[PDB]
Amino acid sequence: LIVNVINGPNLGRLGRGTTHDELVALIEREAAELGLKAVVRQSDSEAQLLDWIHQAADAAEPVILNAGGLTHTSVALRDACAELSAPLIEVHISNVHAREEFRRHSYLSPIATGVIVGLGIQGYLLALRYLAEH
């Protein structure tokens, strides 16, 4: 039923095409179509992201996570995500493999159920659809 979509640093700057408010609206609409409720949250603060992941761990709710630059750098976020019992889908809007070498390593991928990159904002919608069939 409930799916958490958690966006990390700089994702509030989307579109400055699709803005973060637009993304929320798109996700909510898709979720309803699939019979799910999407809770979409964004923060530039690692501590706030950690708190949202802790809550999803306690509730056994799935998480779709685009951690922004913290993907590549945060062991703390990995440690929190490792506690999740429900699925964790990592999403990147851009194809990180076509950019700098440092973007090709993720602390999150090894502990995620799966990873979608380079499909733009549709990545989020495809992750929802995976969770609805699972």
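Residue numbers run from 1 along the displayed sequence.
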Extent of unmodelled deposited sequence, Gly17 relative to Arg16: 4 to 9
Higher-scoring stretch by recorded Cα B factor average, 96-104 or 73-81: 96-104
Mean C-alpha B-factor comparison - 87-95 and 35-43, higher one: 35-43
CA B-factor placement of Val3, once the chain's modelled residues are sorted into thirds: middle
Chain third (lowest, middle, highest) by recorded CA B-factor, residue given as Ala56: middle
Chain-relative CA temperature factor third for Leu126: middle
